[PDB]
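> Pasting a structure below so you can have a look.
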Amino acid sequence: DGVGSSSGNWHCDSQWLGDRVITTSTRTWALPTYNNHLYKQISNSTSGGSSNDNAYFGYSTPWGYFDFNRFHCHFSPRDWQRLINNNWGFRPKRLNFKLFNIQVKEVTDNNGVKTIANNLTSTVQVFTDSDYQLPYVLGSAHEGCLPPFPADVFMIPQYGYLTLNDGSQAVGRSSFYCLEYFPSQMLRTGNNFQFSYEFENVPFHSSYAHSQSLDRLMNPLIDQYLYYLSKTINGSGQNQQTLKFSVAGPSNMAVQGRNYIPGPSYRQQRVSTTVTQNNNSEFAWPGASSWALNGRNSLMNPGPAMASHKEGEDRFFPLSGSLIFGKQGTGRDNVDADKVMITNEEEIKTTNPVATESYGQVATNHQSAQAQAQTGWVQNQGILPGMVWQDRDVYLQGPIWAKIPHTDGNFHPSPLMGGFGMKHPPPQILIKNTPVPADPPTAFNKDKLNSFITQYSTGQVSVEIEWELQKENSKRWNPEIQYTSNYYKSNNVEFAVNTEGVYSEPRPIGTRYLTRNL
Amino acid sequence: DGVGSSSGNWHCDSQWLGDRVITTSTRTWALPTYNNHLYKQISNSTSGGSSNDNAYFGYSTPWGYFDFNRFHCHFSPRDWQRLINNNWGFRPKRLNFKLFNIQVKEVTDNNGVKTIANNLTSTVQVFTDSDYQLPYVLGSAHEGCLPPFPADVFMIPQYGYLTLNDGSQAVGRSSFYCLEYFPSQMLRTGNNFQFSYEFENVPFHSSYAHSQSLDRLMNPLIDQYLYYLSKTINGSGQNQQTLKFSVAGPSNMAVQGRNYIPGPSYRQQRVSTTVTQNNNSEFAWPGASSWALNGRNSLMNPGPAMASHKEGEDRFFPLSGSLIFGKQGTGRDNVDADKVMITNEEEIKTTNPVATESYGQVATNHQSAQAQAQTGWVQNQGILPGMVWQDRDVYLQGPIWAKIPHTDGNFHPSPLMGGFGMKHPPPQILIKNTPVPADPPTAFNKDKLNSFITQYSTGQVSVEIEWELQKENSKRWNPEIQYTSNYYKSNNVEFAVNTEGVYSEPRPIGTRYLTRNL
Amino acid sequence: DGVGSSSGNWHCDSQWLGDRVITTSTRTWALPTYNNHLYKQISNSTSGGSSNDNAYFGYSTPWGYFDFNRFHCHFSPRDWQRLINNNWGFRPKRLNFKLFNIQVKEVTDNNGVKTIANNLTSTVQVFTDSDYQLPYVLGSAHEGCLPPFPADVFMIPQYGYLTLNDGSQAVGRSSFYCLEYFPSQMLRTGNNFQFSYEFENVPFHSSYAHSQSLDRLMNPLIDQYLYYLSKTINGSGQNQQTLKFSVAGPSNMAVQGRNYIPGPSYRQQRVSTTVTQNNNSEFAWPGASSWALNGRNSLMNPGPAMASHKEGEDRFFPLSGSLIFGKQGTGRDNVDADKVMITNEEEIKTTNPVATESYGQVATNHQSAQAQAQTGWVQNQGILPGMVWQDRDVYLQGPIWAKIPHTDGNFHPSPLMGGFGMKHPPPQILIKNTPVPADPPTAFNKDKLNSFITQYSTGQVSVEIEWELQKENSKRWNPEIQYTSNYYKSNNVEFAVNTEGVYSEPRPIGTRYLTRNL
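Protein chains in written order, with this note's numbering: chain E, 2 to 519; chain V, 2 to 519; chain F, 2 to 519.
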């Protein structure tokens, strides 16, 4: 429109209908100039990397991008509490995104002092990768998302991508992408940008915990009509071999026939938070479970959805089997256990195997009069018919969605870090300040200009997402477990600001508090 | 429109339809003040020139101009690869040009420090020479075109022209052109400029290499019904003269009658890239082929489309018979052979003569019993009836079109540097910053003002060209030759940016990979 | 249709309308099995060739082809005489082609005796290269055309083609064509094949001889209003330099100004049919005029249309400047001059230069008081503005048309051997006997079958061509020159059969007997 007219209003609210909840969040953003308007080839050689497992090749772009792939970007703690305490499931339906109130500033430095002024004629470029023609980086748990607290002003992260690499070198199959080779809208201070997105059909997330275990689905009062081999010898010596059979009933539930079995496994090492119970050696990387791709080892992290620990074993965790969040103010490198928040998936112990245990035991020979029957620990077990399992729970500060890789085949493409897997997720939204050259020389020079006016941009961003709800219809008589704040007095209110205005999330919040039968 | 509203969007993409491809490219430009708003007479005396062959007379104008007469200004390397690997020919059809997001800046210097601010009321003037009333400088391979990389910001080249000269002096027939004597649109920051152009009908460029040679078009299994003189003497002495004739057949293809002959020639000197095979003397200018006009010698460069070298003779090149491109970062004067990229036209060896050979041999006397038959090397041969030839190939970084000179007569007006010749090519687009006088004196002075506010302008430029495609309908069984990247590992990806953000084109890319019969 | 019903009738006649003549010719053909149903790579190595100029690479196909690219295939001698004596020009208009009365025979050999029987169920495959996707071999004066005498039964020539070669080896750009990769009609004994073709617009062939010479177009009674420099010195000593001028008139026609000049040249060596006037040395190949392509020398044969000899110099011919036909029964290698028929182009001496002379003389220096004026013999001259020329005459036994090579440029694409040049000439008609395997083994073998029933096919072929005529409207008073038979008694009638039934053509017949002004 014009310089003196706002191009949008501040929309931040949650609307709770019967089967739907609409979340709207608005944030103020700041966008600097990245790479001084240049594309730069990057690799482990440029960053000084040495290990083969961490070698990479890619490019850093002068473009930024908007990321809102975390639940706290849309749900307040109270809204999250309502969702998790009142619904058996939820899923995103549609998306509305807006950029408005664009403000481009120029910075001039004379001598140790910088002056900031408006540049009303400068432009900012925005476009969406609706055709998914660029590498998708929103599927990784990267920082730079919209802040959970609406009053926080955030910096737009720089967009970068990786391609095929051989050490620090590239190959002929490696791809280079120029983001200026895409049509993009150019916005001055009076212009705004908006688009709508429809989520593809995804299953409802399981925001419930099973009230039954897979091995306890039988009637505890009635025998089965099936038999089991109870004895093989002749009880109370030589030549004592005689078959025996008994009815599988309530007294021996472990041997009853069952139609379904727990889901797959890939065993993790077990770590205690009581440090003196751990071995006196360096076992992080060495002791960890991993997978290999083209000679590179990548940590199995977080891996298959598996129960974090056995009942009562709360002190133990799988070495890389769980999402680890950092508390407010936590450092980047080598922080103590009290500075991080270790999530756990104990709710899925009713259907999923324990991460630090074998799947089970399997026969490994043919027993005879000369050879005793032998069994072997199944340390990893693939998908088998009749298996059932629960996916990893999602969290308030955890990811929402991920892009399913474009491959010939996949199985249960639920993101392993939690969330909704989609072939066509919300498109990447890329933003960049248009370069403004400084005064050029009065004589023609064919070289590209390298002198630009120092600029940055700021504005507001709004994203509205409609969520579909799956209401609970339980006939359970006793009250359910519910997420609740603790009344006991404390220096600060949980999920609030401190005396210095710092917002903090004191604990990870899952979604599985209500219960339903298996 | 207004100060705070963008006057255009960033359009940069390629759309591939069935028989048509539409290329759109957008670039950011910077325009300084040229000649301090003055017209200046220029000549070899003003530049210090001494040689007669390089003497000139002309004028330098305060106007800039937009040039997009190179293929890489519109085709990305991948689009170029698709075009050359999937089409037998192509030609431009129509043009769309846009100027928008005009930003005029003022520069003020206090003491060793410059401050840049917007001048919202200043104007930039743009007009197109649709009537071709000004000298056409886009027909020369000049620098200053739109960069191949969309992210590069480029400086608008200054417009200048030459007229008739006698040494460093002018004649009465010399013409002086004032570009302010043309109607031009004046644009503030809110205005935009656009026009459309239709290419005149031109033949499709030959993006194929012949799979047959002109001297091998006969059936290799059947004799001709024509005869040749095989012997003249009496074999196995004096008085031995007796005519003889034989059927021209597969065993002697060189003497068979043919309906068509190779195209014209103008012999070049041969230079080896193995330096020790060349003569130990200075032979550049002296040894070069040239033509003369009004007593001035101009290098025959690149000259008639001729095969660069004989089969297997890849180390040799014609002294000025081929387009020479410079690698990224190559200097201007006296660079080594590894700093430049020497194009070659070996694909046209099937119809065109070798640049460094005689056309052939011609009889020069009447043989008799006293005089032996004599022949002479035809070092240059003009057009003859029955001649066929292929024009010079075009390249990704090479020129696209040229203006056919307005003359009474011409023959095959295909530009010798490669491209499409047109009587009415895309018009010149001239741009200039309107002078903004400084504070004038409070007392009237009749002299023209010479104190102006230091200004420069910047903005975006978009050009869209629709290309018509000629699909291939070959019945060839074996696979064709195709342009392909090499998979082998390298420090950088070809046609990409370096670790410092520098875009480079590692090799010239022709168009002739597919094959068709002759 | 059926076995016992003819699929076509014998049509062989000429119909003379006012401005059109329709020629129909029917012949009986025989088609054997070529290459034993195989495709074979051929080269100068396979044929034992050694010279670089005769090196080639190509393939021989099991397919035959129909060729009617000679005038005597359609015109009887009487029809040719009428055409040449009554018309100033002619050109083909449309074509009708038919194959019918297919008869496929099987040959069985027991011991030194062969038995031939019908194979009613076998098929013959025919298709036309209407899209010109195969190498065109009809543009060379190859044998195997329809016989001039309707009663002669002819053998279908085998189809072969050449591709790019380096010595006896191929390159990546070389193409291999499989003719079974084309849709073709399969014909049993009851089926027939036919198609129609329309000739593209071509100029009328010049079947006239000019009654005026290019240097004698002025009025022999009136002076010109232009002057010439008659003297330079001071007639009847030193210091005698004085300019002079005279009117160019009838007394000095050589110096008169003229608007047009004779056409291009490329000098040939001169050979006498009186053997003792030739040099006592071997000068065929060495003394011949040639052109070079990719290091290979190809004889200039027949080359540019040039007058064969000066007036009265009938004993001389250009070494390779003229079409040479062989008399009936003439051998293939090293035959005497009386066994061949040397065509001549003396009719075009009025506009075209003499083949064995220089084009003219050109100044080679600047005359002065110290240096005498120098001139040089122009041994070859290219096209110049104002040039006029006549193309090579066509003959009864000579070629009719040729395919213009698909190139970017050409000049006056009239075939140098004579005839009509067309981008889309009559398509190649390819025919092959379908292989009929012998008894296969009773156990499966994956190798391709190599045991086939010996077969050949025979039938009739009819081609009808409509020719457009250009009637003469001369006002010449005296009778014209006409082609006529000689009444004087002879043992045999010219253009008839001998006592052994052998048809012979005793002389080449041109088309240029009528006259018109220049």
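Idealized CB from N, CA, C, for every residue including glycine.
Would you grab the beta carbon distance between F:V395 and F:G419 for me? Rounded to a whole angstrom, and I think it's under 8 Å.
5 Å
> Which residues of the region 467-489 of chain V have a Cβ closer than 8 Å to any Cβ of chain F? Give them in chain order.
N474, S475, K476, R477, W478, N479, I482
> Three or more beta-carbon pairs under 8 Å between the region 496-515 of chain E and the region 72-87 of chain E, yes or no?
Note that the region 496-515 of chain E touches the region 72-87 of chain E; at least 3 beta-carbon pairs, one per stretch, sit closer than 8 Å.
> Given that a residue counts as buried once 16 or more other Cβ atoms are within 10 Å of its Cβ, and exposed if not, what is F:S463?
buried
> Tell me which residues share the same chain as F:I262 and place their Cβ nearer than 6 Å to its Cβ, disregarding the 5 neighbours each side in the sequence.
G387, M388
> Output, in chain order, the set of chain V residues within a Cβ distance shorter than 8 Å of F:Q134.
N474, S475, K476, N518
> With E:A285 as the anchor, note down where its beta strand (DSSP E) starts and where it stops.
Unbroken run through E:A285 is the alpha helix (DSSP H), 285-288; no beta strand (DSSP E).
> Out of E:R28, E:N53, E:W11, point me to the one whose CA is closest to E:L294's CA.
E:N53
> Start and end of the beta strand (DSSP E) containing E:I85?
Unbroken run through E:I85 is the alpha helix (DSSP H), 78-87; no beta strand (DSSP E).
> Using a C-beta to C-beta distance shorter than 8 Å, which residues of chain F count as neighbours of V:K350?
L294, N295
> In angstroms, rounded to a whole number, what distance separates the CA positions of V:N302 and V:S291?
8 Å
> Going by DSSP in three states, E:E473 sits in which element: helix, strand or coil?
In this structure, E:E473 counts as coil in the three-state DSSP scheme.
> F:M301 touches chain V at which residues, Cβ-Cβ below 7 Å?
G361
> Check each residue of the region 412-438 of chain E: if its Cβ is closer than 8 Å to any Cβ of chain V, include it; give the result in chain order.
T435, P436, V437, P438
> For V:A372 and F:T357, what's the separation of their Cα atoms in angstroms?
15 Å
> So with CB distances below 9 Å, who are the chain V contacts of F:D337?
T243, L244, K245, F246
> Quick check: what's the CA-CA separation for V:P442 versus V:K449?
12 Å
> Using a beta-carbon distance cut-off of less than 7 Å, what residues from the region 397-409 of chain F approach chain V?
Residues of the region 397-409 of chain F whose Cβ lies closer than 7 Å to any Cβ of chain V, in chain order: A403, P406, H407, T408, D409.
> List the residues of chain F whose Cβ lies closer than 7 Å to the Cβ of V:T25, in chain order.
By Cβ distance, chain F contributes nothing, its closest Cβ being about 29 Å from V:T25, past 7 Å.
> From F:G191 to F:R71, what distance separates their C-alpha atoms?
30 Å
> Residues in the region 380-391 of chain V with C-beta within 7 Å of chain F's C-beta atoms, listed in sequence order?
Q382, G383, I384, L385, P386, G387, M388, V389, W390, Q391
> Under 8 Å between the Cβ atoms of E:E107 and E:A210?
no
> Would DSSP call V:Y182 helix, strand or coil?
helix
> Select from the region 145-159 of chain F all residues with a C-beta closer than 7 Å to any C-beta belonging to chain V, and list them in chain order.
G145, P158, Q159
> Pull out every residue of the region 494-514 of chain V whose Cβ sits closer than 8 Å to any Cβ of chain F, in chain order.
none
> Could you tell me the alpha carbon to alpha carbon distance between F:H367 and F:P265, rounded to whole angstroms?
26 Å
> On the criterion of 16 or more Cβ atoms from any shown chain inside 10 Å, does V:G502 qualify as buried, or is it exposed?
buried
> Of all the residues that make up the region 182-202 of chain E, which are near chain V by a beta-carbon distance shorter than 8 Å?
Listed by position, the residues of the region 182-202 of chain E near chain V (Cβ gap below 8 Å) are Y182, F183, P184, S185, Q186, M187, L188, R189, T190, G191, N192.
> Which residues, in order along the region 448-465 of chain E, keep a beta-carbon less than 9 Å from a beta-carbon of chain V?
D448, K449, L450, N451, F453, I454
> So F:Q461 packs on F:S123, CB below 8 Å; how close in whole Å?
No, F:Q461 and F:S123 are not in contact; Cβ-Cβ is about 18 Å, not under 8 Å.
> What runs of the beta strand (DSSP E), each 3 residues or longer, lie entirely inside the region 387-438 of chain F?
Listed in chain order, the complete beta strand (DSSP E) runs (minimum 3 residues) inside the region 387-438 of chain F are 402-404, 421-423, 430-434.
> Output, in chain order, the set of chain E residues within a Cβ distance shorter than 8 Å of V:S6.
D2, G3, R189, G191, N192
> Pick helix, strand or coil for F:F72, following the three-state DSSP scheme.
Residue state for F:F72 is assigned as helix, using DSSP reduced to three classes.
> If we define contact as Cβ-Cβ less than 8 Å, is V:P33 a contact residue for chain F?
no
> Checking 8 Å against the spacing of the C-beta atoms, do residue 1 of chain F and F:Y60 come in under that value?
Here chain F covers residues 2 to 519 and nothing more, so residue 1 of chain F does not appear.
> Classify V:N298 as helix, strand or coil using the three-state DSSP reduction.
strand
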